[PDB]
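First, one chain by itself: the form deposited without biotin, in structure tokens.
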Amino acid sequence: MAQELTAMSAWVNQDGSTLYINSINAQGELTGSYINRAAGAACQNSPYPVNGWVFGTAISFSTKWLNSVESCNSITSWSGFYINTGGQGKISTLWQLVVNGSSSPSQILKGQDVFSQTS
């Protein structure tokens, strides 16, 4: 079943990391959790809180990499959009990572992730 952009939806990226969207309130404010599974990365396998916004098919979400088990001294923010291609829902995003203690915008890391529907 094609998954739409809703509360209680999960999405897995090319690293195997999952965004678990928990609530989307009447204003479109988002809560959820993120589990990182990128091979060799720190802060894997434990849930990090997420907040953000949904506006139709546009979405932003952000996670601070500090939880009860591990810190990675940074914050990731994703901007992107929902699309249905090949009969499956996905969230295509660009992201920025800012590290605590930075002194230059050149230190902000940039990339892109695509998150496919998952159960």
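Numbering starts at 1 and runs along the sequence shown.
The following text describes the form solved in complex with biotin, which does not appear among the structures shown.
Novice: Hey, in the bound PDB entry, does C72 get a heavy atom within 4.5 angstroms of biotin?
Specialist: Taking the distances in the bound PDB entry, the answer for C72 is yes, it comes within 4.5 Å of biotin.
Novice: Do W95 and biotin come within 4.5 Å of each other in the bound PDB entry, heavy atoms counted?
Specialist: Yes, contact at 4.5 Å.
Novice: Consider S62 of the chain shown here, and say whether it contacts biotin in the bound PDB entry, taking contact as heavy atoms within 4.5 Å.
Specialist: Judged by the heavy-atom cut-off of 4.5 Å, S62 is well away from biotin in the bound PDB entry.
Novice: Considering only heavy atoms, tell me if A58 and biotin come within 4.5 Å of each other in the bound PDB entry.
Specialist: Contact with biotin, no.
Novice: May I ask whether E29, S79 and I91 each come within 4.5 Å of biotin in the bound PDB entry, counting any non-hydrogen atom?
Specialist: No residue of the spot touches biotin in the bound PDB entry.
Novice: If you look in the bound PDB entry, which residues in 22-41 sit within 4.5 Å of biotin (heavy atoms)?
Specialist: The stretch 22-41, when checked against biotin in the bound PDB entry, contributes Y34, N36, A38 at the 4.5 Å heavy-atom cut-off.
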